[PDB]
Amino acid sequence: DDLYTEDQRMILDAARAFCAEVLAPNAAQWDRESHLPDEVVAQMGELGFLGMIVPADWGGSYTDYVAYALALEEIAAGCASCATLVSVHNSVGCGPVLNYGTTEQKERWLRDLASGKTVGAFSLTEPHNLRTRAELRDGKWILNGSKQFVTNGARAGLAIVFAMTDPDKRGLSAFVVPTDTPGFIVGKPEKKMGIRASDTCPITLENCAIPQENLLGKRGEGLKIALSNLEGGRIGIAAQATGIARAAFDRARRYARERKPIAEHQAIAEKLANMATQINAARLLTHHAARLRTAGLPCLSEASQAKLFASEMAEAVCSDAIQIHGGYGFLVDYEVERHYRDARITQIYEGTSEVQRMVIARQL
Amino acid sequence: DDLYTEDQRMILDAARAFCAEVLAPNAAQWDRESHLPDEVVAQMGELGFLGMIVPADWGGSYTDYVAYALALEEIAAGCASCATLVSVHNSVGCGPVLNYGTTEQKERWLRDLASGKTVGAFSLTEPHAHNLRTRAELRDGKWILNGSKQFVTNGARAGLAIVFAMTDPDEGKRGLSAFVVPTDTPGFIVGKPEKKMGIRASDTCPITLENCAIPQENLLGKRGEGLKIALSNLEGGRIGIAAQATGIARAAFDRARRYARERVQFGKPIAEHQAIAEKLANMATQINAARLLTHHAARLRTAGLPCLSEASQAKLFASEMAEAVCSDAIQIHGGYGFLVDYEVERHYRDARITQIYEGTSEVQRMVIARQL
Amino acid sequence: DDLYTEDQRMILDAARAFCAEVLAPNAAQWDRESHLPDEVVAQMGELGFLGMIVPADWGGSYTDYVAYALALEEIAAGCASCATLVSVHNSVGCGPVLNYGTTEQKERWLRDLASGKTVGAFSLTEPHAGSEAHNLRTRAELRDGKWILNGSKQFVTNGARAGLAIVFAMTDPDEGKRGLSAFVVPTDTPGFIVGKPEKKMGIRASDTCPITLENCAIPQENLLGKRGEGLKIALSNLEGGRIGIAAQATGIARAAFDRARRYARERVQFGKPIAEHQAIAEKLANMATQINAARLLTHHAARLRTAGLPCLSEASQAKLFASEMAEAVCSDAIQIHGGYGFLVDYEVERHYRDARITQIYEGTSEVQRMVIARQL
Amino acid sequence: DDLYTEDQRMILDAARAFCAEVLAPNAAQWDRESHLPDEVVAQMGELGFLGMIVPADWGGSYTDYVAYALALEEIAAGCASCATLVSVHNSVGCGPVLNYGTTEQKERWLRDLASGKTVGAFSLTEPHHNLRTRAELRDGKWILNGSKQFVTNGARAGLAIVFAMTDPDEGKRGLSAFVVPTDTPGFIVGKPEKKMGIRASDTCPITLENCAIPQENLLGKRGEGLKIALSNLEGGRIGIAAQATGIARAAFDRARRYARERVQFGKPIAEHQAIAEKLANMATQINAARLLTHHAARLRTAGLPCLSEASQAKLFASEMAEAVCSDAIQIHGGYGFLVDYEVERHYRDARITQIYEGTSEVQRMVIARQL
Ligand SMILES: Cc1cc2c(cc1C)N(C[C@H](O)[C@H](O)[C@H](O)COP(=O)(O)OP(=O)(O)OC[C@H]1O[C@@H](n3cnc4c(N)ncnc43)[C@H](O)[C@@H]1O)c1[nH]c(=O)[nH]c(=O)c1N2
């Protein structure tokens with residue numbers, strides 16, 4: 001930990017101890033029951049894990065993005081579903097309100113988002129850019145449409161919902177929708193291969209009317225807003241891939257050392273060497289992008305490179321962790337099978353690998 | 001199909017029909033409930049799938065190994081757990097009895113294995129880290145077995161197990177013997193099925209032998225021949241798992257390519273995107289190569305030629321490929337690929353075991369290298 | 001071998017002897033001099049390797065395509081450059097004349113192509129146009145009873161040694177994809193100007209030449225097929241071409257692997273033959289497995305083609321797979337050799353250099369993928 | 001660059017200018033002739049490139065190891081052979097004398113090594129730790145006999161750090177290190193080896209036949225030879241990591257420019273998704289390789305343990321370089337296989353990085369050992 005700053009090493013310690021004491025012993029159960037207890041979410045709130053990229057005067061704990069990634073790496077090593085909840089809540093639950101909310105808006109919502117009292121959700125994508133619509137009639141914005149894969153959909157108190165307001169690029173607007181609003185209809189959580197305890201829900205909007213002052217930004221600023229947190233999001237998920245890969249690697253190398261022991265059979269040792277090299281490269285790409293972002297510099301390509309690299313790495317590293325365990329690797333009680341299922345999603349959400357490659361290439 | 005013989009196409013069509021009518025629509029449920037219905041196993045019996053490498057003379061359906069491979073690829077595309085059952089039963093349930101059994105032993109057990117009335121299992125490996133701790137002592141005209149075995153596929157539904165034990169500890173490599181143990185023999189204790197990431201409906205159980213006393217005539221082959229017997233269906237087992245890996249990959253590939261033709265993003269079917277197209281071509285290439293390696297091994301095996309390397313190449317290749325094709329199949333589905341209801345996530349989970357069992361990839365590589 | 005037919009074993013035996021006696025011992029020198037002696041090309045002629053896909057009654061030696069792939073793999077295992085020459089001459093030198101030639105045109109040319117008295121070249125690619133092979137700027141105009149070719153061509157294999165070239169030219173510039181025509185052009189024709197062979201990383205003894213056509217006049221009866229049929233003709237030997245390159249990749253890789261496995265048995269490090277080191281043994285096992293899959297893809301495409309069945313996909317899969325496999329196999333061979341792997345005298349560096357072209361010519365990997373995907 | 005330091009940016013900018021004006025225009029010709037012009041070596045010396053990990057007090061230009069890695073990357077991108085010479089000279093030419101030499105020894109040789117006046121070589125391995133080359137103390141001199149293998153800079157070096165058995169029966173603690181002037185009678189340098197790549201980096205066998213040197217040329221203590229042989233592994237590996245990053249980067253830069261110029265089916269080929277995907281993968285792996293390499297250098301700069309980290313950088317960069325060079329070939333199509341388009345030289349040069357300064361297999365052993 002010698003190369004990190006003092007802020008960064010403090011977050012790392014706090015994160016480490018939380019993860020060892022609360023996440024790691026319970027993640028198997030949470031996966032098996034597809035459910036993360038709310039008191040664990042609340043406790044993440046109290047510790048500042050749900051406002052790590054909100055400034056401290058708005059109720060958060062932001063220091064820099066390297067710290068953020070270190071915390072999300074630790075949290076993902078303990079529980080990949082927690083890391084999903086946290087990466088989404090901080091980046092796209094908190095980000096839009098902080099960056100485009102008026103002062104009154106931030107007073108209404110941001111301190112509760114940043115403290116974790118209110119969990120946040122972001123809803124842009126749709127089953128088939130958009131067909132969800134919002135009409136302004138009699139002082140209320142009225143939303144009708146259908147939305148897909150909303151992380152934190154069941155538990156969020158607020159949702160940033162994107163909707164077509166003016167059908168002729170600047171045709172979308174963003175809304176803060178409290179999730180108890182009549183006509184905000186959240187469906188049953190999707191059944192997923194992995195991150196099973198991170199609730200991922202479809203949402204139907206059926207004349208969901210919200211006050212006019214719940215418009216977020218100016219009318220027509222929807223797309224820009226939806227795109228304002230790609231760097232933070234991708235950095236977050238790259239950090240998550242790194243943590244999940246690292247957890248499986250930690251188990252593999254512990255199993256190799258105990259099962260001479262198999263860690264000095266050439267082939268096993270080569271896998272472990274490869275796994276360590278790849279995990280460390282993923283971390284360094286993640287941190288490099290986080291430094292640029294901390295400094296306010298352009299870093300979409302760098303963040304997309306981290307997310308790309310870390311995500312693909314993680315599936316291969318988790319696959320080696322299984323292989324190193326033999327027959328036991330396929331068994332639930334040995335946990336690496338969980339890490340393998342959890343890892344897979346990182347290549348898909350927050351921009352697919354194909355999208356990550358498009359943007360990196362665009363800028364060469 | 002016009003590339004295959006008459007017999008082969010017939011076995012292929014019979015299995016296609018069974019997988020479409022019975023397996024494919026119910027796989028998802030069986031994965032969900034971690035259980036294959038006894039009657040579906042009995043129906044594979046009735047159809048000859050549980051005797052495909054047993055001569056017709058002994059009640060089986062043997063034509064050749066390519067045909068075996070074709071049937072297993074089809075079963076696997078519909079239900080990976082079914083393929084596991086079928087492949088283990090046929091190769092290591094039926095094989096030891098067929099090759100090493102006396103005539104009377106073949107009459108007492110082989111007809112029922114081949115018909116599928118008796119499901120067979122095979123138990124050599126043990127849960128500690130050749131050098132077995134499980135023992136057999138000859139006492140008053142009976143073999144008495146004491147031991148603990150690990151991961152017996154078909155462990156719960158098998159009526160017979162081939163069970164290997166130390167009979168002569170001084171003799172080392174010739175220290176082992178093989179025994180046919182009816183699973184209802186007192187002292188044959190089946191534990192709870194293991195909880196696995198995939199092939200969840202294939203029962204995999206630890207077993208203990210506790211003063212498990214069996215008739216002297218249940219010794220399979222000669223005393224001390226157990227190792228040799230334990231190693232004599234490696235070719236067949238490995239051919240079948242390579243076929244299974246091929247079928248699993250093919251199911252996910254078929255779902256993904258159909259999805260890529262129907263799904264529209266950026267104003268064209270996604271199969272018209274170059275990156276997607278490249279995955280689809282790589283998938284088809286790798287599946288075809290895996291099938292070609294498998295059938296080449298099968299062809300050598302059918303002609304009684306030595307083929308342990310060719311069988312191991314095919315199993316190594318098909319197993320590694322199946323993970324990469326299934327991963328690609330998930331990716332082409334985007335977020336839907338991660339969803340249970342889109343099924344490719346089941347194919348991925350199921351395929352991962354193929355690199356491990358029937359000899360790990362590491363073991364496969366060792367034999368292939370040994371002959372180079 | 002037991003799985004092959006008597007014709008297949010016969011050609012296989014013949015190629016093997018030739019490759020040990022003539023090719024393998026001299027290949028290093030030819031790479032070094034960037035030159036294949038004419039007497040070696042004549043011997044391949046005499047032995048029937050330049051007619052392996054022309055029927056016997058036209059002077060060829062065609063039995064089936066599996067035989068062809070076996071012969072090409074051997075030839076390639078001894079000299080990659082030689083395999084390039086053979087593959088091109090057979091598929092696109094002979095093929096166009098065989099398939100589209102009149103009786104008179106086959107009597108004039110195909111017996112000499114099939115015996116190897118005359119080496120064949122194929123010229124389509126231009127400086128601006130490779131993978132997009134239809135937009136041609138080379139032109140052909142009828143004046144005074146002769147076809148007059150003017151233009152510029154690129155990367156012609158066998159370009160300096162060939163006696164005939166199948167040249168593709170725009171006869172009808174406003175007719176697009178139906179505007180190409182194919183022409184048999186004697187390479188001694190005035191205005192058929194062969195540039196100096198390209199300097200390449202690998203297959204350095206396979207002459208690969210630019211060609212300038214300048215008031216290059218030929219008899220009217222050197223038109224091959226119907227006017228406008230050029231594109232169809234240019235695309236009519238894809239399967240055979242790709243089968244042969246797949247077999248070439250397989251043979252180059254095999255040669256690298258044979259050296260590596262022998263060296264790993266002999267070389268000792270940390271008290272045993274490095275072959276017994278598990279990481280080495282794994283590399284060896286992966287190399288065998290991949291070469292074997294390549295071969296089986298190639299022979300499967302060869303069977304469909306022998307039966308006249310459609311097989312462009314299967315041929316493209318073999319080519320893609322073999323070519324990419326060969327790079328990784330030759331790379332493993334280098335690594336198994338340690339620091340000796342980088343040295344010219346240890347040969348495997350040459351196989352690595354030679355292997356790399358197989359992913360590019362006879363349709364790039366990207367093109368192979370497009371056609372495999374399209375036919376799903 | 002914003003993220004580098006004033007010294008880092010300083011050495012980077014100088015390496016850039018110099019790669020661009022001297023190295024990159026002439027690298028093809030040097031590869032073709034298998035020869036680096038002496039005056040170019042002298043310019044590297046003069047510019048401080050041959051003293052980059054020796055302190056300023058001893059005639060060097062040492063700032064930190066991140067600066068070293070940046071400069072090696074740039075040199076490598078203009079001329080892989082020059083980078084091989086530079087990496088070796090700094091790491092194992094200067095390193096032993098710097099760290100194990102007496103003050104008298106450092107005054108005698110280290111300043112000339114650091115200024116580039118004298119180029120240094122290092123000679124441990126033989127054709128077959130268990131070594132045949134012997135040194136015998138006789139009449140106030142060490143007399144060396146043996147055969148040595150693949151000495152980089154073997155034909156231009158003025159001094160060679162040679163390792164020999166002083167005490168055959170003490171095994172690993174029976175080796176000693178010696179500073180040998182290369183003009184010493186009985187120091188016979190054979191013909192440079194014929195190689196696939198880095199052809200202008202001279203790589204020579206050396207025969208020592210009754211090669212007699214002063215008693216005071218023992219380096220470190222008698223028996224300390226293996227420890228000295230292993231004392232610059234970190235530096236060496238960081239250097240080759242930077243080499244591999246640079247070679248790949250050169251091929252990458254050519255391929256990405258080509259892709260924006262070459263049109264096929266109506267658009268620049270960089271806009272075909274399959275090419276874009278290659279370019280994106282090349283950029284990402286190259287950056288990953290630099291970041292591993294700089295991470296290692298930071299640990300080295302701070303004097304912290306970093307053998308594994310440098311081994312990870314060297315392993316990752318070297319394997320990466322082959323794959324990136326291969327893509328660069330592919331992106332060029334047929335042109336990629338032609339000498340005039342340069343990417344085929346980069347691919348050839350890149351392949352050595354997986355083998356020397358320890359094979360991939362050796363890198364992976366040290367990484368594993370330490371987990
Ligand atoms: C040694 C040797 C020998 C021969 C030949 C080449 C060489 C190097 N060829 C020519 C060969 O067929 C040619 O190199 C390929 O068609 C590739 O074309 P270019 O080199 O013009 O690359 P080109 O400019 O077409 O492509 C550059 C890169 O972009 C990619 N690309 C192009 N279009 C694309 C698309 N739509 N989507 C995705 N990617 C795309 C390609 O795959 C390639 O990777 C030939 N020719 C001949 O007529 N007669 C002969 O005998 C020979 N022999």
# chains A, B, ... in the order shown; residues from 1 in each chain; ligands from 1

$ residues_near_ligand --ligand "ligand 1" --cutoff "6 Å" --atoms "only C-alpha atoms and all ligand atoms" --output "tab-separated table (two decimals) with N, CA, C and O atoms, in the first residue's frame"
chain	number	residue	atom	x	y	z
C	122	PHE	N	-1.81	-15.50	-62.20
C	122	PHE	CA	-3.19	-14.95	-62.10
C	122	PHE	C	-3.08	-13.53	-61.62
C	122	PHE	O	-2.46	-13.28	-60.61
C	123	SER	N	-3.62	-12.58	-62.36
C	123	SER	CA	-3.41	-11.18	-62.04
C	123	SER	C	-4.71	-10.40	-62.10
C	123	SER	O	-5.27	-10.16	-63.17
C	124	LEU	N	-5.12	-9.95	-60.93
C	124	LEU	CA	-6.39	-9.30	-60.73
C	124	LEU	C	-6.18	-8.06	-59.87
C	124	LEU	O	-6.47	-6.95	-60.28
C	125	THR	N	-5.70	-8.29	-58.66
C	125	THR	CA	-5.29	-7.24	-57.72
C	125	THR	C	-4.51	-6.13	-58.42
C	125	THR	O	-3.62	-6.41	-59.22
C	129	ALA	N	-6.65	-1.69	-55.24
C	129	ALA	CA	-7.74	-2.67	-55.11
C	129	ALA	C	-7.27	-4.11	-54.83
C	129	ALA	O	-6.79	-4.79	-55.74
C	130	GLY	N	-7.43	-4.54	-53.57
C	130	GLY	CA	-7.10	-5.91	-53.13
C	130	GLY	C	-8.36	-6.69	-52.75
C	130	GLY	O	-8.97	-7.32	-53.61
C	131	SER	N	-8.77	-6.61	-51.48
C	131	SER	CA	-9.99	-7.30	-50.98
C	131	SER	C	-11.29	-6.88	-51.75
C	131	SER	O	-12.21	-7.70	-51.92
C	155	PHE	N	1.35	-7.62	-56.86
C	155	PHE	CA	1.51	-8.91	-56.16
C	155	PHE	C	1.24	-10.16	-57.00
C	155	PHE	O	0.57	-11.07	-56.54
C	156	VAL	N	1.77	-10.24	-58.21
C	156	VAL	CA	1.57	-11.46	-59.02
C	156	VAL	C	2.60	-12.54	-58.64
C	156	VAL	O	3.80	-12.41	-58.90
C	157	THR	N	2.11	-13.60	-57.98
C	157	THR	CA	2.87	-14.78	-57.68
C	157	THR	C	3.28	-15.53	-58.95
C	157	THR	O	2.51	-15.67	-59.91
C	208	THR	N	7.22	-12.62	-56.39
C	208	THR	CA	5.94	-11.91	-56.29
C	208	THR	C	6.18	-10.51	-56.89
C	208	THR	O	6.89	-9.69	-56.31
C	361	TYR	N	-2.97	-13.54	-47.84
C	361	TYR	CA	-3.31	-13.86	-49.22
C	361	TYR	C	-4.40	-14.91	-49.35
C	361	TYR	O	-4.77	-15.57	-48.35
C	362	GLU	N	-4.93	-15.02	-50.56
C	362	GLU	CA	-6.02	-15.95	-50.88
C	362	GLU	C	-7.23	-15.63	-49.99
C	362	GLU	O	-7.85	-16.51	-49.45
C	363	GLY	N	-7.52	-14.35	-49.84
C	363	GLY	CA	-8.56	-13.82	-49.00
C	363	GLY	C	-8.09	-13.62	-47.58
C	363	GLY	O	-7.83	-14.58	-46.92
C	364	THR	N	-8.06	-12.37	-47.08
C	364	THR	CA	-7.66	-12.09	-45.71
C	364	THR	C	-8.58	-12.80	-44.78
C	364	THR	O	-9.69	-13.15	-45.17
C	366	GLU	N	-10.31	-11.56	-42.51
C	366	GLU	CA	-11.52	-10.72	-42.37
C	366	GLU	C	-12.51	-11.10	-43.47
C	366	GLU	O	-13.69	-11.27	-43.20
D	264	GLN	N	-11.13	1.19	-48.73
D	264	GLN	CA	-11.52	-0.08	-49.33
D	264	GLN	C	-12.99	-0.21	-49.04
D	264	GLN	O	-13.40	0.09	-47.93
D	265	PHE	N	-13.78	-0.60	-50.06
D	265	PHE	CA	-15.26	-0.57	-50.03
D	265	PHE	C	-15.85	0.77	-49.56
D	265	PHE	O	-16.78	0.79	-48.76
D	269	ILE	N	-10.34	2.27	-43.83
D	269	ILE	CA	-10.51	0.96	-43.29
D	269	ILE	C	-10.60	0.96	-41.77
D	269	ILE	O	-11.12	0.03	-41.24
D	272	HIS	N	-13.95	0.29	-40.60
D	272	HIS	CA	-14.55	-1.03	-40.60
D	272	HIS	C	-14.41	-1.56	-39.19
D	272	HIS	O	-13.34	-1.55	-38.61
D	274	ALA	N	-14.20	-4.41	-37.76
D	274	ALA	CA	-13.17	-5.41	-37.44
D	274	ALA	C	-11.77	-4.82	-37.34
D	274	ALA	O	-10.97	-5.29	-36.53
D	275	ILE	N	-11.47	-3.80	-38.15
D	275	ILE	CA	-10.20	-3.06	-38.03
D	275	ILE	C	-10.15	-2.14	-36.79
D	275	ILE	O	-9.14	-2.07	-36.05
D	330	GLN	N	-1.50	-7.27	-40.26
D	330	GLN	CA	-2.80	-7.62	-40.83
D	330	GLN	C	-3.56	-6.41	-41.38
D	330	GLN	O	-4.23	-6.49	-42.37
D	331	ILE	N	-3.51	-5.30	-40.65
D	331	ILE	CA	-4.20	-4.06	-41.00
D	331	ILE	C	-3.67	-3.53	-42.33
D	331	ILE	O	-4.41	-2.98	-43.13
D	332	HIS	N	-2.39	-3.77	-42.58
D	332	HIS	CA	-1.77	-3.39	-43.88
D	332	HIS	C	-2.07	-4.31	-45.04
D	332	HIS	O	-1.74	-3.99	-46.20
D	333	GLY	N	-2.66	-5.46	-44.77
D	333	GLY	CA	-2.92	-6.41	-45.86
D	333	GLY	C	-1.61	-6.93	-46.43
D	333	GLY	O	-0.63	-7.10	-45.70
D	334	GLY	N	-1.57	-7.17	-47.73
D	334	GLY	CA	-0.33	-7.64	-48.41
D	334	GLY	C	0.85	-6.73	-48.16
D	334	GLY	O	1.98	-7.17	-48.03
D	335	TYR	N	0.58	-5.45	-48.04
D	335	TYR	CA	1.64	-4.49	-47.77
D	335	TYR	C	2.37	-4.78	-46.48
D	335	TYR	O	3.59	-4.52	-46.36

$ select_by_dssp --residues "range 152-332 of chain C" --states "strand (DSSP E)" --output "number ranges by chain"
C: 152-157, 164-170, 180-186, 192-194, 208-219, 223-224, 268-269, 272-273

$ residues_around --residues "residue 119 in chain A" --least-positions-apart "2" --cutoff "12 Å" --atoms "only C-alpha atoms" --output "PyMOL selection string"
chain A and resi 38+41-42+44-45+49-51+85-94+109-117+121-122+151-160+178-179

$ interface_residues --of "chain D" --to "chain C" --cutoff "9 Å" --atoms "only C-alpha atoms" --output "PyMOL selection string"
chain D and resi 128+150+193-197+262-265+274-275+326+329-330+333-334+336-340+344-345+348+351-352+354-356+359-361

$ write_last_selection --atoms "N, CA, C and O atoms" --output "CSV table (one decimal), in the first residue's frame"
chain,number,residue,atom,x,y,z
D,128,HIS,N,26.5,-24.8,-23.0
D,128,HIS,CA,25.6,-25.8,-22.3
D,128,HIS,C,24.6,-25.0,-21.4
D,128,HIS,O,23.7,-25.7,-20.8
D,150,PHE,N,26.3,-15.7,-26.7
D,150,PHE,CA,25.3,-14.6,-26.9
D,150,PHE,C,25.6,-13.3,-26.1
D,150,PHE,O,24.7,-12.9,-25.4
D,193,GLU,N,26.1,-13.3,-34.2
D,193,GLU,CA,25.1,-14.4,-34.5
D,193,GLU,C,24.1,-13.8,-35.6
D,193,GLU,O,23.8,-12.6,-35.6
D,194,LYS,N,23.6,-14.7,-36.4
D,194,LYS,CA,22.6,-14.3,-37.5
D,194,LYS,C,21.2,-14.6,-36.9
D,194,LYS,O,20.8,-15.7,-36.5
D,195,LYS,N,20.5,-13.5,-36.8
D,195,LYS,CA,19.2,-13.5,-36.0
D,195,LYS,C,18.1,-13.0,-36.8
D,195,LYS,O,18.2,-12.3,-37.8
D,196,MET,N,16.9,-13.4,-36.4
D,196,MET,CA,15.7,-13.0,-37.1
D,196,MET,C,15.4,-11.5,-37.0
D,196,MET,O,15.0,-10.9,-38.0
D,197,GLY,N,15.7,-11.0,-35.9
D,197,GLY,CA,15.4,-9.6,-35.6
D,197,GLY,C,16.6,-9.0,-34.8
D,197,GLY,O,17.6,-9.6,-34.6
D,262,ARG,N,-5.9,4.3,-46.0
D,262,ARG,CA,-6.3,3.3,-46.9
D,262,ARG,C,-7.8,3.2,-47.0
D,262,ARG,O,-8.5,2.9,-45.9
D,263,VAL,N,-8.4,3.3,-48.2
D,263,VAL,CA,-9.8,3.2,-48.4
D,263,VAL,C,-10.1,1.9,-49.1
D,263,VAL,O,-9.3,1.5,-50.0
D,264,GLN,N,-11.1,1.2,-48.7
D,264,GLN,CA,-11.5,-0.1,-49.3
D,264,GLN,C,-13.0,-0.2,-49.0
D,264,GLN,O,-13.4,0.1,-47.9
D,265,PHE,N,-13.8,-0.6,-50.1
D,265,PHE,CA,-15.3,-0.6,-50.0
D,265,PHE,C,-15.8,0.8,-49.6
D,265,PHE,O,-16.8,0.8,-48.8
D,274,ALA,N,-14.2,-4.4,-37.8
D,274,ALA,CA,-13.2,-5.4,-37.4
D,274,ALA,C,-11.8,-4.8,-37.3
D,274,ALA,O,-11.0,-5.3,-36.5
D,275,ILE,N,-11.5,-3.8,-38.2
D,275,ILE,CA,-10.2,-3.1,-38.0
D,275,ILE,C,-10.2,-2.1,-36.8
D,275,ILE,O,-9.1,-2.1,-36.0
D,326,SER,N,1.5,-8.2,-34.9
D,326,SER,CA,0.8,-9.1,-35.8
D,326,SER,C,-0.4,-8.4,-36.4
D,326,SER,O,-0.7,-8.4,-37.6
D,329,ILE,N,0.7,-5.8,-39.1
D,329,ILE,CA,0.8,-6.5,-40.3
D,329,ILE,C,-0.6,-6.7,-41.0
D,329,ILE,O,-0.7,-6.3,-42.2
D,330,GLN,N,-1.5,-7.3,-40.3
D,330,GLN,CA,-2.8,-7.6,-40.8
D,330,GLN,C,-3.6,-6.4,-41.4
D,330,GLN,O,-4.2,-6.5,-42.4
D,333,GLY,N,-2.7,-5.5,-44.8
D,333,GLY,CA,-2.9,-6.4,-45.9
D,333,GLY,C,-1.6,-6.9,-46.4
D,333,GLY,O,-0.6,-7.1,-45.7
D,334,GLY,N,-1.6,-7.2,-47.7
D,334,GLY,CA,-0.3,-7.6,-48.4
D,334,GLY,C,0.9,-6.7,-48.2
D,334,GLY,O,2.0,-7.2,-48.0
D,336,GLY,N,1.6,-5.3,-45.5
D,336,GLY,CA,2.2,-5.6,-44.2
D,336,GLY,C,3.4,-6.7,-44.2
D,336,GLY,O,4.2,-6.6,-43.4
D,337,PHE,N,3.4,-7.5,-45.2
D,337,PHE,CA,4.4,-8.6,-45.4
D,337,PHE,C,5.6,-8.1,-46.1
D,337,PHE,O,6.6,-8.8,-46.3
D,338,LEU,N,5.6,-6.8,-46.6
D,338,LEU,CA,6.7,-6.2,-47.5
D,338,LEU,C,7.6,-5.4,-46.6
D,338,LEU,O,7.3,-4.7,-45.7
D,339,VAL,N,8.9,-5.5,-47.0
D,339,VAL,CA,10.0,-4.9,-46.2
D,339,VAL,C,9.8,-3.4,-46.1
D,339,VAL,O,9.9,-2.7,-45.1
D,340,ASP,N,9.4,-2.7,-47.3
D,340,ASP,CA,9.2,-1.3,-47.4
D,340,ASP,C,8.2,-0.7,-46.4
D,340,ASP,O,8.2,0.5,-46.2
D,344,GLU,N,6.9,-5.4,-40.7
D,344,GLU,CA,7.4,-6.7,-40.6
D,344,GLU,C,8.8,-6.7,-39.9
D,344,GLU,O,9.0,-7.6,-39.1
D,345,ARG,N,9.6,-5.6,-40.0
D,345,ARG,CA,10.7,-5.5,-39.1
D,345,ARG,C,10.3,-5.4,-37.6
D,345,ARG,O,10.9,-6.1,-36.8
D,348,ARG,N,9.4,-9.0,-36.4
D,348,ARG,CA,10.7,-9.7,-36.2
D,348,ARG,C,11.4,-9.3,-34.9
D,348,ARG,O,11.8,-10.1,-34.2
D,351,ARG,N,9.8,-10.2,-31.4
D,351,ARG,CA,9.8,-11.6,-31.0
D,351,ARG,C,10.9,-12.0,-30.0
D,351,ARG,O,10.6,-12.8,-29.1
D,352,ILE,N,12.0,-11.4,-30.1
D,352,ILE,CA,13.1,-11.6,-29.1
D,352,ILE,C,12.7,-11.3,-27.7
D,352,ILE,O,13.2,-11.9,-26.7
D,354,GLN,N,10.4,-11.8,-25.7
D,354,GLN,CA,9.8,-12.9,-25.0
D,354,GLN,C,10.9,-13.9,-24.6
D,354,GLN,O,10.6,-14.9,-23.8
D,355,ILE,N,12.1,-13.8,-25.1
D,355,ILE,CA,13.2,-14.8,-24.9
D,355,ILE,C,14.3,-14.3,-24.0
D,355,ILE,O,14.6,-14.9,-23.0
D,356,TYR,N,14.9,-13.2,-24.4
D,356,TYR,CA,16.1,-12.7,-23.6
D,356,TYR,C,15.7,-11.9,-22.4
D,356,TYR,O,14.5,-11.6,-22.1
D,359,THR,N,13.4,-15.8,-20.3
D,359,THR,CA,12.3,-16.3,-21.0
D,359,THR,C,11.0,-16.0,-20.2
D,359,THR,O,11.0,-16.0,-19.0
D,360,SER,N,9.9,-15.9,-21.0
D,360,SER,CA,8.5,-15.9,-20.4
D,360,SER,C,8.3,-16.9,-19.3
D,360,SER,O,7.8,-16.6,-18.2
D,361,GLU,N,8.8,-18.1,-19.6
D,361,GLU,CA,8.8,-19.3,-18.6
D,361,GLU,C,9.5,-18.9,-17.3
D,361,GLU,O,9.0,-19.2,-16.2

$ residues_around --residues "residue 249 in chain A" --least-positions-apart "6" --cutoff "9 Å" --atoms "only C-alpha atoms" --output "ChimeraX atom specification"
/A:272,275-276,279,317-318,320-321,336

$ interface_residues --of "chain C" --to "chain B" --cutoff "7 Å" --atoms "only C-alpha atoms" --output "PyMOL selection string"
chain C and resi 261+281-282+284-285+289+293+296-297+317+369-370+372-373

$ closest_atom_pairs --of "chain A" --to "chain C" --cutoff "9 Å" --atoms "only C-alpha atoms" --output "tab-separated table"
residue	atom	partner	partner_atom	distance
A:265	CA	C:278	CA	7.6
A:266	CA	C:278	CA	5.7
A:267	CA	C:279	CA	5.6
A:270	CA	C:279	CA	7.9

$ write_last_selection --atoms "C-alpha atoms" --output "short mmCIF file (atom, residue, chain, number, x, y, z; two decimals), in the first residue's frame"
data_model
loop_
_atom_site.label_atom_id
_atom_site.label_comp_id
_atom_site.auth_asym_id
_atom_site.auth_seq_id
_atom_site.Cartn_x
_atom_site.Cartn_y
_atom_site.Cartn_z
CA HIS A 265 3.66 -27.73 -10.67
CA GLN A 266 4.72 -25.67 -13.66
CA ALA A 267 1.29 -25.32 -15.30
CA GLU A 270 1.99 -20.32 -14.94
#
